[PDB]
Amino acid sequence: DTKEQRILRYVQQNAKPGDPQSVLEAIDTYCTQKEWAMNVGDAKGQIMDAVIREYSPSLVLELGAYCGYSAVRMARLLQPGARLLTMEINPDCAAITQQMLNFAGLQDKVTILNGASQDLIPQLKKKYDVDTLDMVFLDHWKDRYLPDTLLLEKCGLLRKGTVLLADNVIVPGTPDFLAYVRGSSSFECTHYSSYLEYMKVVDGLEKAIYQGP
């Protein structure tokens, strides 16, 4: 079996069904004591929780699901009837994420879309009945962050106040995306310095709030 399958099985055997916080703790314990994995983790996750609670977004888009850690982390703090869509290119990972959300009791709040972000984004309005997004979590692949931000804008999915939250802007790093948002009048940017998941290595989140054309 794969690392991701082992993480899910660990959850299943060391967390409580229906209890999101127990799911996060189990994933964090496994990835600290057994095998590292690229979940946003607890240090950055606490900054993410702070953001979610500030904005209480009704519709969140996540780019990059992996095993579902971040989807559990966000979806557990959404208000009733609020929703998360998450896009995942790797079908094995999509199936793990679904099972993770199911285990957590969050499946009614989350839709996992199996496909590439750049193919799915153009289908959100007509196929997923989306108007505009309240928040975007970018956490898929460093080289897609800029192109997919620009695509989201093109497709009319951002509105004044939409919150872009970007993982890994330091490690692996996303220099094109950062230089672009920081230098654009269309974005109000703040940097949240932290650590790479499970590691004593500096990393951070970028918050970029869309301000209109």
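One rule holds for the numbers: they count along the sequence shown, beginning at 1.
Where do the C-alpha atoms have the higher mean temperature factor in this entry, in 126-134 or in 94-102? Of 94-102 and 126-134, the stretch with the higher C-alpha B-factor average is 126-134.
Among the modelled residues of this chain, does the Cα B factor of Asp119 put it in the lowest, middle or highest third? As the PDB entry reports it, the C-alpha B-factor of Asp119 lands in the highest third of its chain.
Can you tell me which third, lowest, middle or highest, the CA B-factor of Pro175 falls into for its chain? CA B-factor rank for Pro175: highest third.
Would the CA B-factor of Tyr192 place it in the lowest, middle or highest third of its chain? According to the entry, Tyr192 has a C-alpha B-factor in the chain's lowest third.
Ordered by C-alpha B-factor within the chain, which third holds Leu164? Give me lowest, middle or highest, please. Tercile = lowest for this residue's CA B-factor.
Chain third (lowest, middle, highest) by recorded CA B-factor, residue given as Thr111: It belongs to the middle third of the chain when residues are ordered by C-alpha B-factor.
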